[PDB]
């Protein structure tokens, strides 16, 4: 009964990230997700962008700045103690060949089995622009059900932005 609760801001920040970096056709963007994972439902409440580079012509070469995760998380800790590092996201649209390998490196910054959020930024489908994954042997990705949970402050924000 593993479930993910995603706050709207997280998805809006994936989107803004992908657009501002002028992310080309076929390319992807990558970040960090923050929240609470001490319970059976996983709370994703925040995110931040990473410098990230891959080789389109060779999917085994990619570069993630480790310094940057360290330095940013440090700064996130100064505004909110409770929002911990729990996983990462990318823009997809689907799972990539290097994902298990990237996932393994995020394990060194999380205190859980890291959560992978694939955010659909192209919006060419019917409902939730997000699929949540976790690695498991049973090494392979397990789809997890996810849902939107908004602390009241955010919720009337989202409704004020639509009126």
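Between two forms, the rigid core is defined as the largest C-alpha subset superposing within 1.5 Å. Numbering follows the first chain given and starts at 1.
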property: More variable segment, 95 to 103 or 117 to 125 [Cα RMS over structures in 6 other deposited structures of this protein, core-superposed]; result: 117 to 125
property: Unmodelled deposited residues between residue 138 and residue 139, binned; result: 4 to 9
property: 28 to 36 versus 129 to 137 - greater average Cα B-factor per the deposited record; result: 129 to 137
property: Mean C-alpha temperature factor, higher of 98 to 106 and 119 to 127; result: 119 to 127
property: Where the record places residue 79 (Cα B-factor, split into thirds across the chain); result: middle
property: Cα B factor band for residue 113 (lowest, middle or highest third within the chain); result: middle
property: Ranked C-alpha temperature factor of residue 151 among modelled chain residues, by third; result: highest
